[PDB]
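Next come the chains, spelled out residue by residue.
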Amino acid sequence: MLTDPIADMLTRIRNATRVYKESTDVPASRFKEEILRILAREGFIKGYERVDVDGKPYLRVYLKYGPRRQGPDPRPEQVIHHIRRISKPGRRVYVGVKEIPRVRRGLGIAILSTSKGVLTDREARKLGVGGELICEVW
Amino acid sequence: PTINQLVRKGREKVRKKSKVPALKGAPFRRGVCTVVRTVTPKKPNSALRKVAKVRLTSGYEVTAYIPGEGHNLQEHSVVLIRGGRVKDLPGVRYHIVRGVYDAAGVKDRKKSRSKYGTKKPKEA
Amino acid sequence: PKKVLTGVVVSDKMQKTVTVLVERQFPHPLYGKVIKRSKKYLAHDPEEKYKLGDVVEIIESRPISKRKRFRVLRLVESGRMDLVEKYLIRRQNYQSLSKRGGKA
Amino acid sequence: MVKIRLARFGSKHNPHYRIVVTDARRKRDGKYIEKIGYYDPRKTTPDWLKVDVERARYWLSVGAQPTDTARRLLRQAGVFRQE
Amino acid sequence: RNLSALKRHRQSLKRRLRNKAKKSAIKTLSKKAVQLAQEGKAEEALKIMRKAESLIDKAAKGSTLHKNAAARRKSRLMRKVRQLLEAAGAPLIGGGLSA
Amino acid sequence: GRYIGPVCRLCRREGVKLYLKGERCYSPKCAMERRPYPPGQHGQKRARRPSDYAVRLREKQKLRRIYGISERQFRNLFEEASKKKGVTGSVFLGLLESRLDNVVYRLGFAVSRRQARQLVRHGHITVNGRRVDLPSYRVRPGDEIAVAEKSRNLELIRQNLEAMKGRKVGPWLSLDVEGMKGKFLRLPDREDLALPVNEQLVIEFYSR
RNA sequence: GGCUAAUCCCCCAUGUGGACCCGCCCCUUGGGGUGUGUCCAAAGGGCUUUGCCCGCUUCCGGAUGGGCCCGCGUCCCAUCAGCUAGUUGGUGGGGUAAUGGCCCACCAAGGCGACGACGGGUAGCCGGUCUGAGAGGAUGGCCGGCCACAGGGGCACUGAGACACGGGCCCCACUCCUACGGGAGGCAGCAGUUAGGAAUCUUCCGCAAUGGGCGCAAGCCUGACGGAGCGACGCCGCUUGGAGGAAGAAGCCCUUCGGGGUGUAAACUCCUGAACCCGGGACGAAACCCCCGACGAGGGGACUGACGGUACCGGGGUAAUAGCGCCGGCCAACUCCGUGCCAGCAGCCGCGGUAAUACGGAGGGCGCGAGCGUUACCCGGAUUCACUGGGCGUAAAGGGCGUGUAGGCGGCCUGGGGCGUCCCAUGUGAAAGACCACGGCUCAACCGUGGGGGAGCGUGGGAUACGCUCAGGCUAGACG
Ligand SMILES: [Zn+2]
């Protein structure tokens, strides 16, 4: 079965970007859409949009890359150099507002899920709350 | 191993094994000489290594190296063992402390005297 | 506060006493995942009220017998052997894994 | 019996007591019930005797029996002056 | 040798004997009474009970029975007695018994 | 006992001038004059590419032999300067320059650091009046470091305080050559010292 | 066997009151009130002696200390898998301050276990300590908290309290006295002896200070304690000198025989002056007590230090201990000579069989310095048990395959609950230690004062994204 929907999505994204896909579909879920909202706002993805594949709901994720490069291998630098799942089924990970990590010395983010909604580490710290540590992106 | 597995069986902590049953895990042990033989080296090395069977107060009967240019150990001489093997002599796990009990220090030792237990020579 | 617990009556085989199986959860001190252990308490049932399958609230009390420091505070939800089953089925595997072996 | 007494806390030749409320039976340097002051025998500093008279009076309020020397220090910080 | 405070042991023995003597009297009377109530004889059952009650409270006077030790004795006594008296009793003297 | 032994030989091993004698270490004889090669039967032979250790080692030995201090005491100062806030490197040097015995030297009372050590030791020194014979004594900002009255007449003290006429003083110090007084204004900063040292490597050496 | 006092023992009374039975009320496990019945008190002593002091009795309350119960946490081995009869529960009862199989009679047939019972081994536990970037690992000595024990085993008495280290009884072992019947002992208190061991101190001073027991007080007792003694055992501080002083003595080492090194080091000159001498000489001590005043508040007054004639102050005053390891690479430090797979070195790799920077000495050098080095052990390096932070085609590592129990894990939408999870407040998280600040001893080590942080758990309030649960729904999984 599909054991971890959230992890499935981060991977679909990690996988598509590595081959430079423009778009990329992932089965829609309220929660997954909540995450994508941050991904866009934090500028990691051009954005995303609801779509119907074979009749079922999906979320097109519009990938973003750096510009073309010089020398051999003109492949663009990724905008999403990283994106790793943390809390996972059978090893849930929650943090207090004092334990919210500082990803990549601030240049990267961390998406938490708080009783105040899905926020980034900075947002969470502001609202002074903690919660399940969904993932880490940079 | 899966996290759930780690939870079930968990990691096993490593157990170091002593290399010197000078028993009592003591720093030194005193014994009595039995045989002041002279073994031969291993693999490449060659020479007449001076050794000594010792009956420890720890109940163990062991073989010990006798460092130094020349010794004075005999059949029933009391000695002190300090632990430390000798790469060439299979079976020798401790050195004999020179300058203690019956083992006299090395004569004419003008350098690393701290070892070879020899007093400070009075410069004429 | 006299400690209050909730569990299931997995045994009604004694007089004025019942065996409540209180479940518990928590994060493993080193590997963090939420593990789930469980313990059986012998609770005092004077009226012989509570029956096998009942979910009850246990309350810290004054000793009643040796190995018995809890009284059935109240009933939370009646009948539901789906739980007693787990407990019994687990006791059943014990009926082996020794010199023979537990079914399946 | 609960007392108000001194507790050696200095060091060799550098004694420093702690006016304390403990049970008569403890080590003199054992676990007290509450600290309520301190005393520097040698007045090595301008501040060689604090007493928090508020609390003392409370303890005396209920059986605290001061060592003689403890009382003499408590008096100094006017724990008894009833003007 | 000689820690003159042997005196303590010396006295322990006396006290031991003094106590031991109070209690045996107590027990004797207690049964004595319980057994009278037992047989249904109202009057003398209570009459004796009152003595028992007395000796007990006095035992608790000094450090023999002392404490609730006395209380336990009395209750277990007045109880046993009034109940056994349920055999057509009717507490006459109603001594140690609030009718 | 802090070293005590041929000293212009350290000057040589560090291949750099060390003022472990105040005077003379000027008069064409600090030995670093026409003989800046290390002491011993091998001094003149070619030197090999030092190991990272060798370099860090030599750097610390320098910074340290400059204040004629024992590794033991030196190390503790460092571990102290490591805990306290602020660039360990300089903070460390600050503490080294706050040694009463150093200050005395810094204020011209003594010609060398050794000499100053003795003046402090033999009681010839003061700190806010009360005399202090502890070379490791840490001078704070706002302390007068005067010469002992009884010693103000000492031949030695009169010469040095004399030649001290005109001679300027560190910007973190100041002295009244009259009553032979002086004040520790503030903790010197890395810039204030023209030390042929690179604490960078000293910190790194205690990192190993 | 006889005499005798008391704050020793007893009886009667008074009953503020309290205890017990029964009834009732409020409370809610045995909490508080109330009515009848019953039951239960006491000791005196001292004076500045008609008053004050010390003390006695009953009850209620505080304070302190403690017993008992419960949640959670607390090593290794599964080559220990089944354990259990007072065993699990019940009813009546004993015993206790009190709950309870704690103990007993009777009844029932239970209780525990792979979420590791039972058994074997190891171990007092904690605050803390060592290490570590941390997580973690190791540890629990000194100091403080708790527990346990007092030659081994069992037992109770007396008491508020003990099953009672310097109290009692019995059995056992051992030691000593014995007129051989029978007795007396227990340093795991201070010091000390002996044995064992690589190894661990003075049969010291004092009751002055803090604390403790009795006493109205004076005061007595205190190997608790405050001190001194020994031991570089550790930490911190300090000395063995400072300045000048040759293109550079002699000796010793090396050399291309020109010279290079030891080296401003020495010699010598001048300066200061640890030790040591002389004089002064301490804090720690102010109470208790006396006097006035009400034995109060308050005021005044007197006595008292082991350390110790020590710290410290002043004067005088001598240049006055240096050692230990290392120099092949790791690793900072190189030459000659001797030796010849020898004698030896060695942590690893290795070195020595006629040129050895690796053996021994010497010269020179590097490190550290009243220390230096070795041995042992713990943490590190070791992400080499990997949670942080590893792996399994061929390096060690996929189970011979399946079926399936327990267990771990779980698609999309909505609603309830708020168990996990997050937040706030509050309580706790002792003192010591750790951290920061300021302060005391000439510094520091050490010590004092103050402040801050603190996982975890209790309590109240709140959030609801995720995980859980409950209810409902859906077809993208699965099945038909
Ligand atoms: Zn020079």
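Numbers on residues come from counting from 1 along each chain's written sequence, not from the entry itself, and any residue without coordinates is not displayed. Just so you know, chain letters begin at A and ligand numbers begin at 1, following the order they were written in. Each value listed describes the chains present in this view, a part of a larger assembly. Excluding hydrogens and water, the side-chain figures rest on all heavy atoms present in the structure.

- Chain F is annotated in the PDB entry as 30S RIBOSOMAL PROTEIN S4 of Thermus thermophilus.
- The deposited entry bears the title "Structure of the Thermus thermophilus 30S Ribosomal Subunit".
- The Subunit (literature references left out) comment attached to chain F in UniProt states, word for word, "Part of the 30S ribosomal subunit. Contacts protein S5. The interaction surface between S4 and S5 is involved in control of translational fidelity."
- In the Sequence similarities part of its UniProt record, chain F is described as follows: "Belongs to the universal ribosomal protein uS4 family." UniProt positions are given in the numbering used here, feature names are shortened, and annotations may be inferred rather than shown by experiment.

- Identification of chain E as 30S RIBOSOMAL PROTEIN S20 from Thermus thermophilus is taken from the PDB entry.

## Let's talk about the sheet that holds strand 3 (residues 56-62) of chain A
Residues and elements named next belong to chain A.
And step 1. Here, any two strands with at least 2 DSSP bridges between them count as paired. Every helix listed is a DSSP run of H or I at least four residues long, and every strand listed is a run of E at least two residues long, numbered separately from the N terminus. The 3 strands are arranged 1-3-2 in an open sheet whose pairing can be described as antiparallel. Since the sheet does not close on itself, it has two edges, and those belong to strand 1 (25-27) and strand 2 (47-53), each with one partner. Across the sheet, the axes of successive neighbouring strands diverge by a mean angle of 35°, strand direction being ignored.
And step 2. Bridge count between strand 1 and strand 3: 3 bridges; the pairing is antiparallel. By the bridge assignment for strand 3, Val-26 is matched with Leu-59. Geometry is summarised by axes, namely lines fitted to C-alpha atoms with helices restricted to the contacting stretch, and by angles between N-to-C directions that run from 0 to 180 degrees.

## Details of the environment of B:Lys19
Residue and element names in this part refer to chain B.
And step 1. If you trace the backbone, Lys-19 turns up in the loop between helix 1 (3-8) and strand 1 (29-35).
And step 2. Spatially, the C-alpha atom of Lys-19 lies 13 Å from that of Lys-87, the residues being 68 residues apart in sequence.
And step 3. Here, residues are in contact when the closest pair of their heavy atoms is within 4.5 Å. Apart from the residues within four sequence positions on either side, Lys-19 is in contact with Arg-85 and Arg-93.

## Brief notes about the arrangement of the chains
And step 1. Of all 3 pairs of chains that touch, the greatest number of contacts is found between chains B and C.
And step 2. In this structure chain B stays clear of chain D, and the shortest span between their C-alpha atoms is 35 Å.
And step 3. Nowhere do chain C and chain D come into contact; their C-alpha atoms are at least 25 Å apart.

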